[PDB]
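Same protein, same chain, two forms; see structure 1 and structure 2 below, as structure tokens.
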Structure 1
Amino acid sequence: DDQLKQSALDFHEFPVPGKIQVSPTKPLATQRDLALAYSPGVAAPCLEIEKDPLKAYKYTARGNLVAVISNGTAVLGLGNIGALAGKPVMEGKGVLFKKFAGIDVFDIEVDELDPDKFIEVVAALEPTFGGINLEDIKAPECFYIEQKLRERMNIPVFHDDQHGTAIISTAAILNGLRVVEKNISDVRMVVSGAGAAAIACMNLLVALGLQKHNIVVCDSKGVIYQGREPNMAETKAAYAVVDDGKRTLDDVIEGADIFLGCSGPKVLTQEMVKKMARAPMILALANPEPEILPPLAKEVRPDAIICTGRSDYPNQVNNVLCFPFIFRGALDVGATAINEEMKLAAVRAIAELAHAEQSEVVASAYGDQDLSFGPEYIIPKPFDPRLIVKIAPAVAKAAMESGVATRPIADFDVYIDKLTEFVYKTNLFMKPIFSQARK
């Protein structure tokens, strides 16, 4: 801990303070160059945007600018630490946005703790940005804030901690259902924990075909049943079950095909997994420590499919899998929203990439490929270079079909060539070398 802490503190304070810098995209050394980057020259772009608001994507950086906005109320796993203390996290997220999709990011830390005040603050910034990524806002205010901002603004508003993990988890459940040969309309699902990542996953899975009468939820109190507390929260009363004497996790797990966990460590035990239905699908996403260790489940039930959020186990749910590429697809077509069809276009592409993989140009002997679709490889690996070329055109085409695109793509072959060109300029070959050298 101390070594990791010291290496992180020095990781960037010493060369210059902090990551991120703003750089001009032009050489500038003369007059007549400053006379049209400013001065009477800069009045020509302004008078064009005034006549046509759609011309702002030609003359400014708006078509490539995303805001990462937070108020510091749920920062990683630290909790409520304040907007100022969460600045490094937002800078890091902007770094990830740039590294894997080439998207410029402004990270904004708002001091408002009141939801309506926060909404008023964010809705006023629309002319600056081409899209908004809400990050690290505690539940249940996140649902209300995102819903209000989405119905108030004419640029995409995407809360990543809700919807990115939902997209990845839905892609994993569809692929796992193929392995175990079940149907989405018959499966019994048990959800542990209600919160930012859980409500959104249930919503997406219902949108793809899961029956709401096949879902039971449990939180820190136990089973969410109807009339348990006098005033149950919204989004918690939409999944409450009729009272039947069931109050703990052990009552509802018998016969469950799917376990979805986003709540605490050591929640699911070996006996409960034993009582589960044949070929169980288990998603233990609790971050410091999963609800069950994958070795402890594969022993009692070796036919189980397990999917955690850690890097030392297969099938890792890492949010870097979708957000840069969905935002790239939305930005490149001038979409005014990221709707459900665009969101479902991302689920299908991610699942397809893992069960229709066509490798090519492996990392020599330097690594470990085993990209065979099955219980151990159900979703793509977090830094797979083909994720930009699969997701972004699918999201762009979905945007063009739901009528939310303002700058439609004429030829998708040219677009795919450009994206492949971008991805060739970025390879991470030291990662396979380090991984192989670990053994």
Structure 2
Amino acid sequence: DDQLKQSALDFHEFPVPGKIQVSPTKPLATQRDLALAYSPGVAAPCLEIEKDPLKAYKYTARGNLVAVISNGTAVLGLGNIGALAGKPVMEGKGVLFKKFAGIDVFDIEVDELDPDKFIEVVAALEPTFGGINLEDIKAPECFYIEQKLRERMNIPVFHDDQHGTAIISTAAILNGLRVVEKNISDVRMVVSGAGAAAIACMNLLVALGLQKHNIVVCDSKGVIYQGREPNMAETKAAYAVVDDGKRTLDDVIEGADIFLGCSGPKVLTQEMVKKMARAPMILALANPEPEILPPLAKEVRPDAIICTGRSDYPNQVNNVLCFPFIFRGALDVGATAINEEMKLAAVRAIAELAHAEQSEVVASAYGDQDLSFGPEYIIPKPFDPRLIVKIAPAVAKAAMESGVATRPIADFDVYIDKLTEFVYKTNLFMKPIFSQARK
């Protein structure tokens, strides 16, 4: 860790402080440019925005501006390091929002810990941005903050932990159901740690067509029992099941078709993977340590699908796969909210990007792409330059079918051409060389 520690600190300590900077997009080097960008000329756009508040997107950078707002209570895996301690991390995601999406990001870091104070602070900042990206707020404050902001602010509010990797998890589950012949209705699914990502994973599966009479949730206290605690809250113990014993998760896994373990490592053992249905779809989604190492489950059950947050083994589920392109589509369509139908469209696009892959000027040498749709390849790789081309025009299209768009765009072919032009100027061809060299 010492080598990584020294490598990361030197990354942006010495050359310039920080990994982010603000530069004009206007050519101003003479007079009559400073006389209309400020003082007697900049008052003309304000008059137009004064009478037509929807004209702001044309004259200002609101339509390309999202905010990574955080109180710094649960940052990455660090925990409650505190406000400004997560200041680099926010900037880091801002960088991604540019490179992969061309979205300018402010990295606001609210100091308040009270949920209501945070809600008020972020809601007051509505005119500045065109979308909120609440990040690293510890549960259960995250749920309250996101729901209140979505119901109050008339701007896209999209939490990353909540329904971020949830999108990719839903896409992976759908593609797994497509791989092994198992209709989603007949799938009996198990949850571990119903919170943060998992709580939205289950909701997205339900929306896509998973029925709650086949779902079960088990946590450190055990299964969600109808009588485990009088505080029968819907935040965690929703759609609960009667006690009927089932103290441990061993019998829960007995007759299970998915694992979807997002929270809580090492909760899955070899015998338990053995006690599964015809084809399990273990989703070990714990970044620190996966719930079960993929090779062990592969040895125990040759015919299975395993997804892991780490990139060591295939079917890697990364947050970067989803949010920048979701926000790209929502902003470009001029949407006012990221509802469930946009998320469903994104899930469909990610699923269809996995079994409709050809050409894309495959590197004749190097690379070793060698990916074909199967148990190994369920979801597109984190950096496919064909995601933004697929996620963004679908999410935008969802706005067209939902009446939440304020700037409808015609000729989606032109939008496709613009996105392909954007991805033509951002290509990471050195990581295929590294991957090929390592083998």
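Residues are numbered by position in structure 1's sequence, first residue being 1. Each form is matched to the other, and the largest set of C-alpha atoms that superpose within 1.5 Å is called the rigid core.
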| query | finding |
| --- | --- |
| Rigid-core fit between structures 1 and 2, the member of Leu344, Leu293, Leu96, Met232 whose C-alpha shifts 2 angstroms or more | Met232 |
| Following rigid core superposition, Cα shift of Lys221 between structures 1 and 2 in Å | 1.7 |
| Once the two forms are fitted on their core, CA shift of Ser359 between structures 1 and 2 in Å | 3.3 |
| Rigid-core-fitted C-alpha displacement of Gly79 between structures 1 and 2 (angstrom) | 0.5 |
